[PDB]
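In what follows, a single structure is set out as structure tokens and then discussed.
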Amino acid sequence: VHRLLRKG
Amino acid sequence: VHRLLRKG
Amino acid sequence: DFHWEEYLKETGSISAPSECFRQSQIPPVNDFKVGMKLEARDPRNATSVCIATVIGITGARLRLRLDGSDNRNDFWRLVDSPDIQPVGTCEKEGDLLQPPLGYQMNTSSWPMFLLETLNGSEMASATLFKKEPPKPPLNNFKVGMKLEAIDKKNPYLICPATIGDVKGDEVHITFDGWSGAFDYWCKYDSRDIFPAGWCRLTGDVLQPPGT
Amino acid sequence: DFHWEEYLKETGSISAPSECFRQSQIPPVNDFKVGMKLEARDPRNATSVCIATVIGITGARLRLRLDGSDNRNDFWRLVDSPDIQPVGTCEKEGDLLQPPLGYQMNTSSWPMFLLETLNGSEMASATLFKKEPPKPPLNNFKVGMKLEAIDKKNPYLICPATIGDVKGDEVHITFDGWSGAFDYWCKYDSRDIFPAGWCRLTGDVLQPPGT
């Protein structure tokens, strides 16, 4: 599922 | 009569 | 779908109580509108008060830009920050208004530019500027206490964070789910940290944890 | 009780014809009022345009003072002089407004002072500023010709004067009934000299001769 989150 | 005029 | 009660239960931790913070327990209302004008300490030249414009509203914070600067150094300020004040405050004090560090025209142009940018401006009314909250007299944070904090490296962002160390009048802030690249030290009475629930209250957005 | 016709008959002289002068044959109307504001070249720093106030009205001339200066260096200008212009002319041109040489506050205060003195001011309307008259293409003065001239050493005063010498584009002005201390050279197209009848026409006062 997941991928590591970036910063918006 | 006269005296010499000054500057105003 | 992140929630503080569950997250704290999950990680077996507590949130810092509101009384640790230099923040009002009832957060301030932000009635500023984009386009308003104010005076702000130059975030890059702290001896300088400059004219600033509101570029954006988020929560209890203003995104500000120093007039006559490029668009590259916009900063954020809480409406109850002492670094912002209504237009005319310097004049009242007898102080000078300064050009910004990022000022883009020949320097001698300043006086005219000031004249030009202040005419017909919408100036933020005094009442919009809120009472600065009092400094708690002690550092009451404890390691592991969870809180909401501004990512100093990306300050549009407020994120869940944890107290990693407590040392004298200072606290070490770490951001849950991020590396040390994003950690920082601030004083316990910093305005860049908030108790859990702040974003909900102010209508700002809290970032999810990193992982 | 001085009169030009009699005085010229008496001294066996003629008055310079109006065509020698850079002055309008119909003199300009002076509709300025004390308190109005304008831009003026700094009479002591000719590269500088400064804000000036009308202190007095006399004839077709304005007694001016550069704002923020002491009361010691007031100057006179004809309403059709190119050294005065309406407020906003620099701005229109893209030029800077400068502080006066006689400026009495710390120099860094300039921008604020400008803001302070321009707000709510009565600004001299454009229409008050009159067409500069054309330069005659030749020096047509002749020695002995009588005229009306400003005493450069006391310029509130306009006095009967005589052409003493004519040399190239220049004339030597001497003041009837005064010593050489009051003489001066100006260019034939100087704005400080006028044909006889100017004072009568403009409602200014002509000084009697010295003796």
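By convention in this document, the chains of the structure tokens carry letters A, B, ... by their order, each chain's residues are numbered from 1, and ligands are numbered from 1 in the order they are shown.
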Neighbour list for residue 16 in chain D as a ChimeraX atom specification, cut-off 12 Å, only C-alpha atoms, skip fewer than 2 positions in-chain = /D:4,8,13-14,18-21,139-149,160-163,188,193-198
Near-residue 7 in chain B list (12 Å; only C-alpha atoms; drop same-chain fewer than 6 positions) as a PDB file with N, CA and C atoms, in the first residue's frame:
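New file around.pdb:
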```pdb
ATOM      1  N   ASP D 151      16.942  93.116  -6.557  1.00  0.00           N
ATOM      2  CA  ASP D 151      18.199  93.248  -5.808  1.00  0.00           C
ATOM      3  C   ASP D 151      18.639  91.881  -5.330  1.00  0.00           C
ATOM      4  N   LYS D 153      20.981  90.840  -3.751  1.00  0.00           N
ATOM      5  CA  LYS D 153      21.387  90.813  -2.323  1.00  0.00           C
ATOM      6  C   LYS D 153      20.225  90.977  -1.316  1.00  0.00           C
ATOM      7  N   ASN D 154      19.008  91.270  -1.827  1.00  0.00           N
ATOM      8  CA  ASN D 154      17.794  91.500  -1.030  1.00  0.00           C
ATOM      9  C   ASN D 154      16.558  91.261  -1.913  1.00  0.00           C
ATOM     10  N   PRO D 155      16.268  90.008  -2.248  1.00  0.00           N
ATOM     11  CA  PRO D 155      15.408  89.782  -3.407  1.00  0.00           C
ATOM     12  C   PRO D 155      13.909  89.961  -3.209  1.00  0.00           C
ATOM     13  N   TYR D 156      13.497  90.355  -2.037  1.00  0.00           N
ATOM     14  CA  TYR D 156      12.110  90.767  -1.858  1.00  0.00           C
ATOM     15  C   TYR D 156      11.944  92.087  -2.616  1.00  0.00           C
ATOM     16  N   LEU D 157      13.065  92.768  -2.904  1.00  0.00           N
ATOM     17  CA  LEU D 157      13.062  94.113  -3.459  1.00  0.00           C
ATOM     18  C   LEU D 157      13.307  94.208  -4.981  1.00  0.00           C
ATOM     19  N   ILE D 158      12.395  94.902  -5.660  1.00  0.00           N
ATOM     20  CA  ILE D 158      12.548  95.213  -7.052  1.00  0.00           C
ATOM     21  C   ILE D 158      12.729  96.715  -7.196  1.00  0.00           C
ATOM     22  N   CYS D 159      13.724  97.110  -7.985  1.00  0.00           N
ATOM     23  CA  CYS D 159      14.216  98.461  -7.947  1.00  0.00           C
ATOM     24  C   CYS D 159      14.496  98.969  -9.331  1.00  0.00           C
ATOM     25  N   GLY D 177      20.999 105.074  -7.677  1.00  0.00           N
ATOM     26  CA  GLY D 177      21.047 105.632  -6.315  1.00  0.00           C
ATOM     27  C   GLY D 177      21.655 104.692  -5.310  1.00  0.00           C
ATOM     28  N   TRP D 178      22.317 103.634  -5.792  1.00  0.00           N
ATOM     29  CA  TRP D 178      23.076 102.733  -4.932  1.00  0.00           C
ATOM     30  C   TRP D 178      24.470 102.519  -5.432  1.00  0.00           C
ATOM     31  N   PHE D 182      25.858  96.781  -4.933  1.00  0.00           N
ATOM     32  CA  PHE D 182      24.555  96.167  -5.339  1.00  0.00           C
ATOM     33  C   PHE D 182      24.454  95.818  -6.834  1.00  0.00           C
ATOM     34  N   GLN D 207      10.668  99.856  -5.826  1.00  0.00           N
ATOM     35  CA  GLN D 207      11.381 100.634  -4.827  1.00  0.00           C
ATOM     36  C   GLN D 207      11.761 101.961  -5.392  1.00  0.00           C
ATOM     37  N   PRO D 208      11.729 102.998  -4.589  1.00  0.00           N
ATOM     38  CA  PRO D 208      12.254 104.269  -5.132  1.00  0.00           C
ATOM     39  C   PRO D 208      13.763 104.190  -5.371  1.00  0.00           C
ATOM     40  N   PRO D 209      14.317 105.056  -6.257  1.00  0.00           N
ATOM     41  CA  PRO D 209      15.776 105.149  -6.367  1.00  0.00           C
ATOM     42  C   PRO D 209      16.426 105.537  -5.036  1.00  0.00           C
ATOM     43  N   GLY D 210      17.737 105.357  -4.943  1.00  0.00           N
ATOM     44  CA  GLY D 210      18.448 105.551  -3.681  1.00  0.00           C
ATOM     45  C   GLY D 210      18.519 106.987  -3.198  1.00  0.00           C
TER      46      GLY D 210
END
```
query = Can you tell me how far CA of residue 134 in chain C sits from CA of residue 28 in chain C, in Å to one decimal?
reply = 13.5 Å
Output as JSON lines one row per residue of chain C within 8 Å of chain D: the closest atom pair and its distance in Å to one decimal place, counting only C-alpha atoms, sorted by chain and residue number ascending.
```
{"residue": "C:91", "atom": "CA", "partner": "D:112", "partner_atom": "CA", "distance": 7.6}
{"residue": "C:96", "atom": "CA", "partner": "D:109", "partner_atom": "CA", "distance": 6.5}
{"residue": "C:97", "atom": "CA", "partner": "D:112", "partner_atom": "CA", "distance": 7.3}
{"residue": "C:108", "atom": "CA", "partner": "D:96", "partner_atom": "CA", "distance": 7.7}
{"residue": "C:109", "atom": "CA", "partner": "D:96", "partner_atom": "CA", "distance": 6.5}
{"residue": "C:110", "atom": "CA", "partner": "D:111", "partner_atom": "CA", "distance": 7.5}
{"residue": "C:111", "atom": "CA", "partner": "D:111", "partner_atom": "CA", "distance": 4.5}
{"residue": "C:112", "atom": "CA", "partner": "D:96", "partner_atom": "CA", "distance": 6.8}
{"residue": "C:114", "atom": "CA", "partner": "D:111", "partner_atom": "CA", "distance": 7.4}
{"residue": "C:115", "atom": "CA", "partner": "D:115", "partner_atom": "CA", "distance": 6.2}
```
